[PDB]
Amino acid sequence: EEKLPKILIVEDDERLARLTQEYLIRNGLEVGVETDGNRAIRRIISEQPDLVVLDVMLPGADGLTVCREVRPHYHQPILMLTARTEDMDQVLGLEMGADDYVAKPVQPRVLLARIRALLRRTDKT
């Protein structure tokens, strides 16, 4: 056995989510994919991933609603990764409980480094 950090990607662009998933798996992470916001809420709470990569514009429940609903029962890092790149969007996402806010398109190594920085802070806490 070998327990890797568990990542959940929440992203409704299915191909994009999969390409991101494959990259992160090649870099020492165990990664699942969820494409619906309401499914993501229940899955985050029950599966308790070590970190969530969270899209904002989602069917069922947008990323801000996801944060509101999971944060009472889920305390691990949330990294928002979204095409909603305006300053107000970033402030709102962070104020709603996201620990990082990353603009699409993100360079794969940057996304990986930002994930690792959040996991490091948690593990050192």
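For every residue, the number given is its place in the sequence shown, counted from 1.
Which is higher in the entry, the mean Cα B factor of 26 to 34 or that of 88 to 96? Averaging CA B-factors over each stretch, the winner is 26 to 34.
Could you check the entry and say whether 75 to 83 or 55 to 63 has the higher mean CA B-factor? Mean B over CA atoms: larger for 55 to 63.
Select lowest, middle or highest to describe the third in which the CA B-factor of residue 9 falls within its chain in this entry. Residue 9: CA B-factor falls in the lowest third of its chain.
Ranked C-alpha temperature factor of residue 104 among modelled chain residues, by third: Its C-alpha B-factor belongs to the middle third of this chain's values.
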